[PDB]
Structure formats: C-alpha cells, structure tokens
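Readers should treat all values here as calculations from the given coordinates under stated rules, not as data from a laboratory. Ideal geometry is used to build each Cβ from the backbone, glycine not excepted, and the neighbour counts take in all protein chains shown.
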Amino acid sequence: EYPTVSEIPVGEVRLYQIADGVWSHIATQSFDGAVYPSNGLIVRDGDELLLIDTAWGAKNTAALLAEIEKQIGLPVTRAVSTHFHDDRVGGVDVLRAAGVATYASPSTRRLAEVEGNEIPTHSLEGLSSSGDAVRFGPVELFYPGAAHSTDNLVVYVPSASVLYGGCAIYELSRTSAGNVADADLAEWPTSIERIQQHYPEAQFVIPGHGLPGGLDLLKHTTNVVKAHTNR
Ligand SMILES: O=C(O)c1nccn1Cc1ccc(O)cc1
Ligand SMILES: [Zn+2]
Ligand SMILES: [Zn+2]
Ligand SMILES: [Zn+2]
C-alpha cells in the first residue's frame, strides 16, 4: 500500500517501488499548520541512480539519501528538479554537498533565484518551448507548457512506462486546486493535453503529491483545474 501523510513523521522518507528499477520517494512537510505529503522519483541508471526532485527540505533530503543507501545501496549521481518550488529544489544544497550533480531548466533556475529558493547547478538545454523533449539517461524530459507553474517539466521512464507528471498532475483524491499562485490557469488544460498526446502508452502516472494511478489522472486534473478557473 502506498504511504500517506499520517504514516510518515516529518523528517522521515519512504520509498515505494513502482517497477523494475523505478521507485517513488515520499516525504512530509508542515506548511501553515497543516502537513502535506510529497513525491519524487528514483530511476536506476546502470549502477548509479538518477534522482527526480528533492524531498522538500534539507532535513528530508538528507533522510532521503540515507533511505536510498539503506534500501537500494547505489550512488545518486544526478538529480533533476521539475520546477522551482521548495518541494522540488528544497534540499539541493544537501544533494550537492553529497556530490550529486544537480540539474534544472534555465527557466527553473531563473525562477528559483527570484523566489530565493535553492538553485540547481546545471542547466537542462532544449526544453524552453512547449512540446520540447530531450533524453537524460534512463528518462525522457518533456516540457508540456505552463500549468502548475510556467517551468514545470514531466519525466518519462520508457523502459518501465512510468510517467512522472509532477505537480502539473493531481491525484484522483484531490478535488480542489491548492497552491496555484504560480500557475497558468488558461494554459494548464492545453499543457495536460500535450502530455496525453506525447505519452499515450504510459502504464503508471505519478503525481507530485499523493497516490499514483494511470492516465485517468490527466482528465481528472483538467476537471479540477477548470472548476477552479470558474470560481
Ligand atoms: O499543490 C502543490 O503542488 C503543493 N506543493 C506543496 C503544497 N502543495 C499543496 C498541496 C495540497 C494538497 C496535497 O495533498 C499536497 C499538496
Ligand atoms: Zn509547485
Ligand atoms: Zn507541490
Ligand atoms: Zn476527478
């Protein structure tokens, strides 16, 4: 069973194997009195690991590295942050001090610097235009267009048919929008459409928060976004 927020003390990290050589990591963080679960991804690349997104803070990200060594035992050599918010880049300095090469799009690096969030060291080129895709080792990176944020990327694992949608995709159990201060409401459903059209073969779909599912998370997200648009 997939872990939920009441099962994870803030400061601890769970791993959940999705497929051969593909895990999610789950952590929790408090914000404005409430506690929120958050996902990232781990993809085996030969005898090293590619990390997708931090565990939302320095403390959680150190625990993330320790759980990975405990349960997997392979080195995390590169990390990709899928947008500039703290649940994606919070902990980047911990990754760098551990010798992880940290990556993000120029768009994400630029926004992180303006917000005051931690800044991934390396730039991911070739992703500035909606529909752009580039290979990054064992995954494909895809920029669907602005949605939850103007810079959000999605990540696809072709060997396992795992689509990591990040925060542009909502879990089915989430029926209201949430933190859309930085969203492009007008373009969000169009960007989701681009994800559908580019990865129709996806078997598993991982949201940035909550329970994985299939491609029906995409239509669900469109519904929730349109309802918030019509407030
Ligand atoms: O929406 C987001 O992307 C986000 N990032 C940090 C906090 N949130 C809001 C949230 C709301 C409900 C949840 O189950 C989980 C998260
Ligand atoms: Zn976000
Ligand atoms: Zn988020
Ligand atoms: Zn729904």
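Mind checking which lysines have their Cα closer than 30 Å to the Cα of residue 59? Skip sequence neighbours fewer than 8 apart in that chain.
70
Counting helices only, and only those DSSP H runs with n ≥ 4, report the 222 nm mean residue ellipticity of the chain as the sum of -39,500 (n - 2.57) divided by its residues, in deg cm²/dmol to the nearest 500.
Value at 222 nm, helices only, nearest 500: -7500 deg cm²/dmol.
Below 9 angstrom from the Cβ of residue 146, what's the summed charge of the other residues (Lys, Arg +1; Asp, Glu -1)?
-3
Could you give the nm distance between label points at residue 161 and residue 219, where each point is 7 Å from its Cα heading toward the beta carbon?
A separation of 1.8 nm, rounded to one decimal place.
Apply 1/(1 + (r/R0)^6) to the Cβ-Cβ distance of residue 45 and residue 173, taking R0 = 30 Å, and write down the FRET efficiency to the nearest 0.05.
0.45
Quick one: length gained pulling residue 135 to residue 184 fully straight, 0.36 nm per residue minus the C-alpha distance?
15.1 nm
Taking the Cα centroid of segment 1-69 and of segment 147-181, what is the distance between the two, rounded to the nearest whole Å?
16 Å
Using +1 at the Cβ of each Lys and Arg and -1 at the Cβ of each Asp and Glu in the chain, identify which of 170, 57, 99 lies farthest towards the dipole's positive end.
170
In nm, give the distance between the simple-model label positions of residue 121 and residue 30, each being 7 Å from the Cα along the Cα-to-Cβ direction.
3.3 nm
If you count, for each residue, the other Cβ atoms within 10 Å and average over each peptide, how do 165-172, 215-222 line up from highest to lowest?
165-172, 215-222
To the nearest 0.05, what FRET efficiency results for residue 4 and residue 110 with a Förster distance of 25 Å applied to their C-beta separation?
That gives a FRET efficiency of 0.15.
Under a 5 Å amide H to amide H cut-off, with H placed in plane at 1.01 Å, what residues pair with residue 29 once short-range neighbours are removed?
Residues meeting the criterion, in which the H sits 1.01 Å from N, are 36.
Quick one: grab the alpha carbon gyration tensor of the chain, order the square roots of its eigenvalues as a ≥ b ≥ c, and give me rounded if a/c is under 1.5, else prolate or oblate depending on whether a/b is larger than b/c.
Here the chain falls in the rounded category.
With +1 on each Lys and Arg Cβ and -1 on each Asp and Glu Cβ, and nothing else charged, work out how big the dipole of segment 1-142 is about its Cα centre, in Debye to the nearest 20.
180 debye
Tell me which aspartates and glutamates have Cα within less than 13 Å of residue 219's Cα, excluding those fewer than 8 residues away on the same chain?
171, 193
Can you give the extra length, in nm with one decimal, that the chain gains between residue 20 and residue 69 once fully stretched, where that is 0.36 nm per residue apart less the Cα-Cα distance?
15.9 nm
Between the DSSP loop rule and a limit of at most 15 other Cβ atoms within 10 Å, which GluC sites (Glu not before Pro) in segment 1-97 are left?
Sparse-neighbourhood loop GluC sites (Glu not before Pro): 1.
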